[PDB]
Number of protein chains: 4
Amino acid sequence: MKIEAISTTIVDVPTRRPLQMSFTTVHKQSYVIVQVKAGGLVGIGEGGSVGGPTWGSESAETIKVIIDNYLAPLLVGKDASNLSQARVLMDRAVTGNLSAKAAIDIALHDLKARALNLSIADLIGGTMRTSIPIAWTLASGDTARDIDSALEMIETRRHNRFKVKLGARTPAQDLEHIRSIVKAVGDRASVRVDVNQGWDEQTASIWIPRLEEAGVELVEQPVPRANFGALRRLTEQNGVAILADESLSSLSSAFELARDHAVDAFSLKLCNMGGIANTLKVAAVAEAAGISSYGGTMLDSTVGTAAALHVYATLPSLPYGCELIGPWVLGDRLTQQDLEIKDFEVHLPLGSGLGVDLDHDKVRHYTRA
Amino acid sequence: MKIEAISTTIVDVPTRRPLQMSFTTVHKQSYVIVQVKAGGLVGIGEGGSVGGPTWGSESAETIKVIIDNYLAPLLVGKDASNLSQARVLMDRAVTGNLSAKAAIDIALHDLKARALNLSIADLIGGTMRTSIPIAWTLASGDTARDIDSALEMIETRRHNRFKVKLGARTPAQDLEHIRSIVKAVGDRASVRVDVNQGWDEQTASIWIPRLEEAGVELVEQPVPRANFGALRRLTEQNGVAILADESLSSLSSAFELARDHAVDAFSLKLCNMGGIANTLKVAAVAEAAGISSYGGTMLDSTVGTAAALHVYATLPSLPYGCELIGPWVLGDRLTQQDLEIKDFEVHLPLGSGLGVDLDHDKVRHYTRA
Amino acid sequence: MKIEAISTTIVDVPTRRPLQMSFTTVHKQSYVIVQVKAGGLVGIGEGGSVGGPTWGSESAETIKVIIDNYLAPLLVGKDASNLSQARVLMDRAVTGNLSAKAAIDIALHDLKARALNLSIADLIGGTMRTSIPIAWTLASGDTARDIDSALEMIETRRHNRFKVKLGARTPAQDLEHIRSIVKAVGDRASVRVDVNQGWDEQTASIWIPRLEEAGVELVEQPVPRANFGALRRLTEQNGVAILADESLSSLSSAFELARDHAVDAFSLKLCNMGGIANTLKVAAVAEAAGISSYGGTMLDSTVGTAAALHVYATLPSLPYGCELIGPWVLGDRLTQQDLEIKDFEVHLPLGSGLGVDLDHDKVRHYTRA
Amino acid sequence: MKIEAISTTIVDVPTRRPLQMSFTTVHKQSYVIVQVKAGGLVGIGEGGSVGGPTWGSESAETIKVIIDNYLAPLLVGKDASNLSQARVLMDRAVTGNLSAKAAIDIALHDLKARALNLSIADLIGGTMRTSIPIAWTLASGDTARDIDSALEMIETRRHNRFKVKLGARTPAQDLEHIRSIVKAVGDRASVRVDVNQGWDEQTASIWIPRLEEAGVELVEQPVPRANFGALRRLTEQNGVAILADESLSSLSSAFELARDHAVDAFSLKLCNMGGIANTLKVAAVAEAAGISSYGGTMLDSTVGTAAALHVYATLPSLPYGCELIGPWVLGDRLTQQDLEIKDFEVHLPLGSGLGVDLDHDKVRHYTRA
Ligand SMILES: [Mn+2]
Ligand SMILES: [Mn+2]
Ligand SMILES: [Mn+2]
Ligand SMILES: [Mn+2]
Ligand SMILES: [Mn+2]
Ligand SMILES: [Mn+2]
Ligand SMILES: [Mn+2]
Ligand SMILES: [Mn+2]
């Protein structure tokens, strides 16, 4: 059906815990909820970012303006079902702004899938799994608190995979923090870390081996995003798997990292990659090059999380599971239904499209003036 | 719907012209027509090969046995709509035999698309084009005859892109043959060549430059398929684009050729790559690496040709068009409808699924005893 | 003498123990027994594969059809003694299908050698050894059972070299399994492993060092066959020798692996390499590049095993011996005589040709209808 | 049969034309005729070298002493038919001295083949050809004389492939010399050159392109034998094929040149490579790496030439033919029969073994005191 209109709504949703960034602690996450109307039906999407233009160069503000002034005008009047043309049109009209493009792409997939009475995962080709082991990020900043948090998640059978943020304290302090957590969880959980580009090469070369010795199973983005050479050397010299996050963006960057096996795994993220088809292309490059696919997140609401789940549910292998905990870090929901986490895994919501619908009262409430 | 059964039928269809191979001239092409039955509906597919185990290691005989004894048994009872699982199940149960897997994959896509009332191209994401410039292969073995053939195709507006098979005669003879054709067609047509692995590196290094000087626009598989190093060196040293054909098979081989830009283009072929999803993964690697996608053929009947057209219709760019002339090299059709070539391009057949249906009377007639 | 005819017979021989494959446990091995008749005399060969199209893309079914429809017709009428021409004719007429070609090549060598009253090993140039240390594969799936099996083989002086299949259980479980076996056999036996492409690069990079520390002397195909880069990196970073199995096929692949010492050893296998001359060419590349030759097997019957023994008996060095235990895994014999294993080594059967003859009553009995 | 004795005889045979070397013009070639006696039968071999320790480090004198004092003593008492053990025993007892080893290896092959009533080519596996296009070396030092010589060889249908020695005169003079020859022979002959290590890299980089432009089809050893880097760069930058001669010796050197395609072709020479099996291993490496095999010569007598012919007759491809003209450069024959050159090719002598026998009266006459 012809696209009638594309609306963008910036919603500010409070987070249950503060978000420490550079030199400003955020108390909420901002999203751009996208709604595509065609043939009376509606498809929804989400344009995300972490704490503003910090994780990436996009923000809820840039996303809305990019869609409103450039992307939306170009798509109105076009066949909503032609996902191929929609993707190419956006790429040829706007450079970068992958998150804004992803919000629209997700909405178009939701709309098309519903029209066919299929889940997005089914539209893509079918599910390989209906649930995915999910990792919980421990970053309270306190060792004792993190240990209690982890033991709690394990006992309630919600999470037995944890990601610890490192880089803020000293390397020595980070190692002790990790050793304490590993000792506490024993053989009941796996521990991964994310240095968030916090170490230079020599620091990472010294401490990654110690992290591995301490029991760490995965080290995410230890060095600055542009330092592909350091990543490759660290990956070649260490047994523990290295995960690329910020180093990934375009399909080209995926190929570049893959070329000489600069990392062992790619953190797939719908928003930073530009959408579903684009994320699947990156996953194809990883599969072709012998690199693992990881289900990454941008602390998305239920809309973005559902979108990511449908994509990851179709991949052949997810050796490290996913980290789609956004809906639980937020203090409220923007959708009518909630996602389910049971027996250490997050479950794919049933139904056509994303399997989740916008709670207009919630969206209305959190819409920023 | 649950897969009820998968039938395989070897059909031998006479070719309008002989097929010179090694030391045996074939007078027909053999296909394995696959039919998947689920929920009363049927999806059709084709397992192809060129002149038997010559172009590749598979033949209509190996394909039928592989499907009957290994692949079919594993899929019966499974959800026909789960293309993801079907693809993975086949890959984990059988090594290689990509053509046999492709026949089943095409049938499953046809079945699923029809059930949704979509063309396969629409199911994949939507068309970027509804017609594709098509190249005609000139290989009568006679210069005068080829020139008449080309002028005829140009005047009737059927083809203005021609592929000349080289390697049989001497390099000097091949060059004169090419020069005569180029002089004859003038600025009304483009000339490409396929050496079919016929030259060693030094021979190719000497004559490719001469072919380029003569006006050739694309040189396909000049050296043996396993010689990736020679391909890379020839590609680095020559301006004329080099196309990989036999060197491509698995997704891994695509990545290997892409890694150091061993060629400028990949000849996509559904059967030698294992299916639609697999071919799309190869196309994604090419896109990621800056390598062109070419619509290749295995002299397929209308079934296989339609399948390939639906896939290529969705790709962002086809700088050299395609060569899906199989239906016109065959002396008869296996489908009820015929494909249309008009104004130098082959057109995507309208309708759901492949957009073509098996003419059971034709299939019955050419079925081998 | 002129080749009068080439017959193919598919025989299904029960195995003493089940053969766990993907998701189907096989209870027998299928072979294609080839018989070449020329000048009244007969030469025999075997076309093998492991559990069907699993280890490789060929099966007893594809092998028979390839020989019957393509290879056999081309050789009938040709001089059976011209092994050079026979090998080239097959390679130029059929792509791949090395196992089918190997069956015929073995038969031609047997026929020619007998006609000269020489063993095949003598025809090749002469023996360097008349017996070869043989490794027994422990894969009962139970640690206690494997330990009893090994101690038994050691005490009876049949085997003091064991190969343990890994990859099914978790890496941690595999390591404990290995540690238990090593502790049990002490200094009375050597332990090797075959991961059967079961690990990705990071997993192999972590556990191979642990296997080496545990006492493992050889690690076979730890990663997927197409991942030459991972093999090379693992080989460069680990002291324990890495053996290529599935990564080897064509002479070209041997050169590719050898180029940058991607592995320390090549598993020579007559069937997957295309025959005796082809296997000797691969061994020559290994010798030239400083890579070890290993006597590999495809769980062959006495016919294929005898063929392999004659070839390996002529090589200058076999630092890890061989694994030609096929005849003992089978529940019956297809030949009149049995091979002898004594004092930890398998002995070359005396006599001309292969030194073994087909028991027609046995072949007749196991011939599949 | 047990080897009874191995005799060595240095024979000095006058050449029809002088042999200009460094600063001493030789008027004859010296060979070491080897005779192996076992079970009453005799096998003959030849240890060659060009103009003494010039082309290589061996001479008829070193060869005789090496065989008499080291190799012969070790083989007496051993089974003459075990070619595998004979080859390994020699390699483990003596370093280098490949020509001396080759003389014995040829004799053992001759002896074994005769005992089986087979030609050496048949023993190796069978012939691919019974005649080989042969190149004649033009090196009279005079352009007019060379032109007459070539026209004569063409008209008598003896040779239409010529090799011109370069490097003595200036590059400019060599080019004019080549241009004159090419103009004279027209399309009736091909011209190759051998610079005999006479140019440094820059000189070769400038003139090889000019030689190619002038019509040269093959450039042999343009730079010093140890300069593999220069060879590779010249090979990468020029279309005309580059042939390695002096750069080849051990199997290791063959692999080294092959690794990065340092040359397009290898000049196979039985004496400088250590024998038949060793030469076949080098040919296998070339085949594996995509490098051409050329039938090289050391200006051998009929014995060495026959040996080389039997080997080259079995190879799959000889794109540049051979240069086995030794018997015609010599002023007399050491064998009872003469080799035949007809219709531009040299023919494989019929009969078992080498197909040629020593004329004891001739050998006796030319034996040096
Ligand atoms: Mn690593
Ligand atoms: Mn991260
Ligand atoms: Mn180029
Ligand atoms: Mn082609
Ligand atoms: Mn190593
Ligand atoms: Mn193995
Ligand atoms: Mn070159
Ligand atoms: Mn030379």
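Derivation of every value follows stated rules applied to the coordinates shown; laboratory data play no part. So basically every Cβ, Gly included, is an ideal-geometry build from the backbone, and we count neighbours across all protein chains shown.
A few comments on the model shown:
- Antiparallel DSSP beta bridges within the protein assembly as shown, as percent of all bridges there, nearest 5: 55
- Ellipticity at 222 nm from helices only: DSSP H runs of n ≥ 4 in the protein assembly as shown, each -39500 (n - 2.57), divided by the residue count, give -11500 deg cm²/dmol.
- Take A:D68, push a point 7 Å out from Cα through the beta-carbon direction, and compare it with the same point in every other copy: 6.7, 7.3, 10.3 nm, smallest first.
- Among chain C residues, the one whose Cβ is nearest the axis of the rotation from C to B, given with its distance rounded to whole Å, is C:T62, 2.
- Packing-based exposure ordering (other Cβ within 10 Å, fewest first) of D:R161, B:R92: B:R92, D:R161
- Note that segment B:233-244 has calculated 3J(HN,Hα) couplings of 5, 5, 5, 5, 8, 10, x, 4, 5, 10, 10, 8 Hz, one per residue in order, obtained from phi through the Karplus relation 6.51 cos²θ - 1.76 cosθ + 1.60 (θ = phi - 60°); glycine and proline are x.
- Under-5 Å amide H pairs with B:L330, H placed in peptide plane, nonlocal only: B:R16
- Secondary structure note: in chain C, about 55% of the DSSP beta bridges are antiparallel.
- For residues of B:166-177, the mean tally of beta carbons on other chains within 10 Å: 0
- Charge sum, other residues only, whose C-beta stays under 11 Å from A:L251's C-beta, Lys/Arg counted +1 and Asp/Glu -1: -2
- The protein assembly as shown - charge dipole about Cα centre, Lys and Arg +1 at Cβ, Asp and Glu -1, debye rounded to 20: 1000
- Using a cutoff of 8 angstrom between alpha carbon atoms and counting only pairs six or more residues apart, the relative contact order for chain D works out to 19 percent.
- Whole-angstrom gap from segment C:127-178 to segment A:132-197, using each part's C-alpha centre: 40
- Looking at segment D:259-369, the DSSP beta bridges with both ends there are about 40 percent antiparallel.
- Computed over segment C:45-101: relative contact order in percent, which uses C-alpha pairs under 8 Å that are six or more apart: 40
- Going from the residue with the fewest nearby Cβ atoms within 10 Å to the one with the most, D:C322, D:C271 rank D:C322, D:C271.
- Here each label is just a point 7 Å from Cα along the line to Cβ, and for A:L350 and B:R368 those points are 4.9 nm apart.
- Whole-angstrom gap from segment B:16-76 to segment D:266-331, using each part's C-alpha centre: 44
- Residues whose amide H comes within less than 5 Å of that of D:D300, counting only those at least five positions distant or on another chain, are D:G326 (H built at 1.01 Å from N in the peptide plane).
- Order of A:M1, A:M273, D:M90 - criterion: other Cβ atoms within 10 Å of each residue's Cβ, fewest first: A:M1, D:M90, A:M273
- Inter-label distance, nm, simple model (7 Å from Cα along the C-beta direction), D:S250/B:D357: 7.3
- Each residue of segment C:49-56 is assigned a 3J(HN,Hα), and the resulting list reads 5, 9, x, x, x, 8, 4, x Hz, derived from the Karplus form 6.51 cos²θ - 1.76 cosθ + 1.60 (θ = phi - 60°), x at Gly and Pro.
- The other copies place their B:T170 label points at 3.5, 7.0, 8.1 nm from this one, listed shortest first, where each point is 7 Å from Cα along Cα→Cβ.
- Count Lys and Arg as plus one, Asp and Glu as minus one, and take only other residues whose Cβ is under 15 Å from that of A:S81; the net charge is then +1.
- Remark on C:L138: its backbone amide H falls under 5 Å from those of C:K163, C:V164, C:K165, a criterion applied only to residues 5 or more positions apart or on other chains, H modelled at 1.01 Å from N.
- Rounded to the nearest whole Hz, the Karplus-based 3J(HN,Hα) values (6.51 cos²θ - 1.76 cosθ + 1.60, θ = phi - 60°) of segment A:281-297 follow the sequence 5, 5, 5, 5, 5, 5, 4, 5, 8, x, 10, 6, 9, 10, x, x, 9, with x at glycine and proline.
- Taking 0.36 nm per residue of separation and subtracting the current Cα-Cα distance, fully stretching the chain between C:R188 and C:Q237 would add 14.8 nm.
- Three-way shape label, segment D:117-369, alpha-carbon gyration tensor, a/c 1.5: oblate
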